[PDB]
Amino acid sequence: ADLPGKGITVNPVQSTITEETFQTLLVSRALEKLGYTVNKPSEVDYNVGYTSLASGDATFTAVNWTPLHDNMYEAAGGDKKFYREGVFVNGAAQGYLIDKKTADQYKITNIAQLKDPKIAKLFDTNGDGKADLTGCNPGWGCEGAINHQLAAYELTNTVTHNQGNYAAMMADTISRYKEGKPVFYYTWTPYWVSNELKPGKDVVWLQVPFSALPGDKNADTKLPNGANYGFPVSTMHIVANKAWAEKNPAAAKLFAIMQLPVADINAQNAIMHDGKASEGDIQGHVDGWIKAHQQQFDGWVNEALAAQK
């Protein structure tokens, strides 16, 4: 009779990247169908989120990135403190881009070429001679990855990792791009940036000279043909407090089987960027996705409810 989640309050966490709200609320909706009372997501620093999940102050995140959060995940307790099954979002991507105009003009294919100060200066926006890379907010996993790579690739003398508010800085980068000036930035999918700056039209991805990621000395991001963009095909997982998942088998099953296409998050994130980014707007996007994928969503719910619970 009673749904398994009756009377149990769930506390989602995500970052203050509101482009994460859609996927987070999708999990919340499915949890509601299991009977849980789900609070609005807490938007917190990623590491605070991980420590909160480990202590039980939070229930789940839907934005556990591989490889970007590997080091935070392990440092916060790893598999001893967290439940993590399945893959919520497959086929995410990351890397460094420059505008296609400058890439084609100067035959720039690899970030190693920015070791030449004459090339790096093309991307200098503040007059100090160094290329200005639009990069990651303090505390993002991509902060560590970029800093690691700029050192490994002997780029710190010619490249500055510009940090602050990435979203705001990318508005400035796109505005500069539209002036026809050279730009240099890191981005990921899913996010709104790739809708505004498209590889093969506006920008190109740069390769890297060899694999290098923080915390994994044996990382290998090379494609079978020897190409290397610096990052693997990336994923997001649902991560839950381990004890909570053990006490909530229907929710644990749900977390293991949910999957959301990266294209759908990309599309939602673009709609936000285009002007529909309110809490109510995003709730509507979640409800529209469910309607368009109702059999699949219902299947998650029904398999979860059928767990040994």
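Numbers for residues come from their place in the sequence shown, where the first is 1.
- The deposited model assigns a higher average Cα B-factor to 221-229 than to the other stretch when 179-187 and 221-229 are compared.
- Of the two segments examined, 122-130 and 167-175, it is 122-130 that shows the higher average Cα temperature factor in the deposited entry.
- For the set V193, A75, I238, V159, the PDB entry assigns the largest Cα B-factor to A75.
- As recorded in the PDB entry, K80 shows the highest C-alpha B-factor of the residues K80, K198, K115, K100.
- Sort the modelled residues of the chain by CA B factor and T9 lands in the highest third.
- Sorting the modelled residues of the chain by their CA temperature factor places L68 in the middle third.
- Split the chain's modelled residues into thirds by C-alpha temperature factor. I271 is in the highest one.
- Sort the modelled residues of the chain by CA B factor and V27 lands in the lowest third.
- In the PDB entry, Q207 places in the lowest third of its chain by CA B-factor.
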